[PDB]
Amino acid sequence: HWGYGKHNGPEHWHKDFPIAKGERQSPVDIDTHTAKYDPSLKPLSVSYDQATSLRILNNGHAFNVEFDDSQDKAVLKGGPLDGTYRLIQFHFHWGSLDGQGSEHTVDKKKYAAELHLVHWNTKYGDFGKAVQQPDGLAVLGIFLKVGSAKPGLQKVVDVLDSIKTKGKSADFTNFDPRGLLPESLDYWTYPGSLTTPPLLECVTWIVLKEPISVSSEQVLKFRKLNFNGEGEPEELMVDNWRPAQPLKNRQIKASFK
Ligand SMILES: O=C(O)Cc1cccc([N+](=O)[O-])c1
Ligand SMILES: [Zn+2]
C-alpha cells in the first residue's frame, strides 16, 4: 500500500490513484509574485471556541487530532468560502531535517512542517459525502518553522510516546486548536486536492502566510514516531510530505496586499 518510501511514495501513487496526475492536485508552490491580491476575498472566520477534541491517532502516515464533528462546534467560514465547514481533524507533515517537511512551498521555500486543519462543508452532511464534491472540504494550512517553542503544541507532543506505532490511539480531550494559530490570518487560496490518497479534488485550500514557530525539541518528538506497527522493523515517521504538484490551470489568490 501507499506510503512515503522509495517503493511506495508519492511518485508511485498514480498507479493506484490516477487522479494523482489530475488538473487540481495539491500541494503547490505558491509564487508570491504571481498570486494576485483579490479585494473580493473576505477575512477568514475561524471559530474554534467550542471545539471538542476527542482522541489522537497514529494512522501509519501521520497522527490525527480528532474532533467531535456531530454538531457545529468548530467551524471555518468566510475567506474564499461559501457556507460553513466543520472541523473534523488536524494533522501535520514534517521532515527528517528542518530544511524540508512542508507540502506547500512559498517561492520554492520548504518549511520544517505543515499543519492541516481539515473541515467539511456542512451542506453535504458528512465527510464521506463531502469528499465527493469539488467544494466539499476546506483545509487550513499553517507552516511551521523551528525556533521558539509553541506552548500550545506541547500537549500534542507529550502524548506522542503513547502512539508511537501505526494503529495506536489515545484519549485526547480538551485540546484547544486555537493554540496552534499564528497572529495573522492573511492567506493564499486556490482549488486543489487531498494530499494523501485518495487525492480527491475536493479541497479549497487556505494557506496562511504567517508560520508558527515550534522548537527543535518539539519537532524532534514528531520524528520519533513510527510508520510501522508495534513490533515491526522500525522506520521513523519522517518525510511524510507530498511534493509540489503542477499548478495547471489555477490561480492562487492572496487575501492581503
Ligand atoms: O486518510 C487520508 O489520508 C485521506 C484524507 C483524509 C482527510 C484529510 C486529508 N487531506 O489530504 O487533508 C486526506
Ligand atoms: Zn495533510
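All values below come from the heavy atoms of this structure, side chains included, with hydrogens, waters and symmetry mates left out. Count residues from 1 along the sequence.
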Check your understanding: Would you say the side-chain atoms of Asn226 pair up with the backbone N or O of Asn228, donor to acceptor, closer than 3.5 Å?
Key -> no
Review point. Does any N or O in the side chain of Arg223 come within less than 3.5 Å of the main-chain N or O of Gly95, such that one atom is a donor and the other an acceptor?
Key: yes
Review point. Cut-off 3.5 Å, side chains only: do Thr52 and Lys73 have a donor facing an acceptor?
Key: yes
Review point. Does a donor on one side chain and an acceptor on the other come within less than 3.5 Å for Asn121 and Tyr85?
Key: yes
Check your understanding: Is it true that a side-chain atom of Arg24 and a backbone atom of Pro134 form a donor plus acceptor pair closer than 3.5 Å?
Key -> yes
Check your understanding: Under the salt bridge (charged side-chain N to carboxylate O under 4.0 Å, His left out) rule, what pairs show up with a residue in residues 236-257, not counting sequence neighbours?
Key -> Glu23-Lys248
Check your understanding: Hey, is the main chain of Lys168 close enough, under 3.5 Å, to the side chain of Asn58 for a donor-acceptor pair?
Key -> no
Review point. With no hydrogens and no angle check, do the side chains of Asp38 and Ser40 hold a donor and an acceptor under 3.5 Å apart?
Key: yes
Review point. Counting N and O atoms only, with roles assigned by atom type, does the side chain of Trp94 sit under 3.5 Å from a partner on the main chain of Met237, one being a donor and the other an acceptor?
Key: yes
Revision key, fill the gap. Rounded to the nearest 0.5 angstrom, the OG-CG distance for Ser184 and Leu208 is 7.5 Å
Point to revise | Any side-chain donor near an acceptor of the partner, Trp188 and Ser255, under 3.5 Å | key: no
Review point. Taking the inter-plane angle between the rings of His104 and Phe143 on a 0 to 90° scale, is it parallel (under 30°), tilted (30 to 60°) or perpendicular (over 60°)?
Key: perpendicular
Check your understanding: Taking everything shown except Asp82 itself, do over 12 heavy atoms lie less than 6.0 Å from its CG?
Key -> no
Review point. When you check the gap from the basic side-chain N to the acidic O, do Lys109 and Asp107 get nearer than 4.0 Å?
Key: no
Exercise for review: Check whether any side-chain heavy atom of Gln133 lies under 4.5 Å from a side-chain heavy atom of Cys202, and answer yes or no.
Suggested key: no
Review point. Under a 4.5 Å side-chain heavy-atom rule over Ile, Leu, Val, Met, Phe, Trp and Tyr, are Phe90 and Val46 clustered together?
Key: yes
Check your understanding: Taking side chain as C-beta onward, heavy atoms only, is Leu117 less than 4.5 Å from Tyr48?
Key -> yes
Review point. With respect to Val157, which candidate in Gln218, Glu217, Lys224 satisfies the side-chain contact (heavy atoms from CB on, under 4.5 Å) definition?
Key: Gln218
Review point. Counting distance only, does the side-chain N/O of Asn64 pair as donor-acceptor with the main-chain N or O of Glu66 below 3.5 Å?
Key: no
Exercise for review: Answer yes or no for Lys209 and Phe256: cation-pi contact, defined as NZ/CZ to six-membered ring centre under 6.0 Å and angle to ring axis within 45°.
Suggested key: yes
Revision key, fill the gap. Residues passing the ring pair (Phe, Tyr, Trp, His ring centres under 6.0 Å) test with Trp241, sequence neighbours excluded, are none
Check your understanding: Looking just at side-chain N and O atoms, do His116 and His93 make a donor-acceptor pair shorter than 3.5 Å?
Key -> yes
Check your understanding: When you check the side-chain N and O atoms of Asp69 and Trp120, is any donor under 3.5 Å from an acceptor?
Key -> yes
Review point. Can any side-chain N or O of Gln245 pair as donor or acceptor with the backbone N or O of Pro243 at less than 3.5 Å?
Key: yes
Check your understanding: How about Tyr111 and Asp98: does a side-chain donor come under 3.5 Å of a side-chain acceptor?
Key -> no
**Study point:** Face-on cation placement of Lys129 at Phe127 ring, 6.0 Å and 45° thresholds
**Key:** no
Check your understanding: So, do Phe17 and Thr196 sit near enough that their side-chain heavy atoms are less than 4.5 Å apart?
Key -> no
Review point. Quick check: does any side chain N or O of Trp205 sit under 3.5 Å from a backbone N or O of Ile252, one acting as donor and the other as acceptor?
Key: no
Review point. Any chance CD of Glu11 has more than 12 other-residue heavy atoms, nucleotides or ligands included, within less than 6.0 Å?
Key: yes
Review point. Between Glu114 and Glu103, is there a donor-acceptor pair closer than 3.5 Å when you use the side chain of the first and the backbone of the second?
Key: yes
Exercise for review: Decide yes or no for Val203 and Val131: does some side-chain heavy atom of the first lie under 4.5 Å from some side-chain heavy atom of the second?
Suggested key: no
Point to revise | Check: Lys155 main-chain N/O paired with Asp158 side-chain donor or acceptor under 3.5 Å | key: no
Review point. Are more than 12 heavy atoms from other residues, nucleotides or ligands located less than 6.0 Å from atom NZ of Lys164?
Key: no
Review point. Cluster question for you: counting only ILVMFWY and a side-chain heavy-atom cut-off of under 4.5 Å, with indirect links fine, are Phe172 and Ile88 together?
Key: no
Point to revise | Any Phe175 side-chain heavy atom under 4.5 Å of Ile56 side chain | key: no
Check your understanding: Ring centres of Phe63 and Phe92 under 6.0 Å apart?
Key -> yes
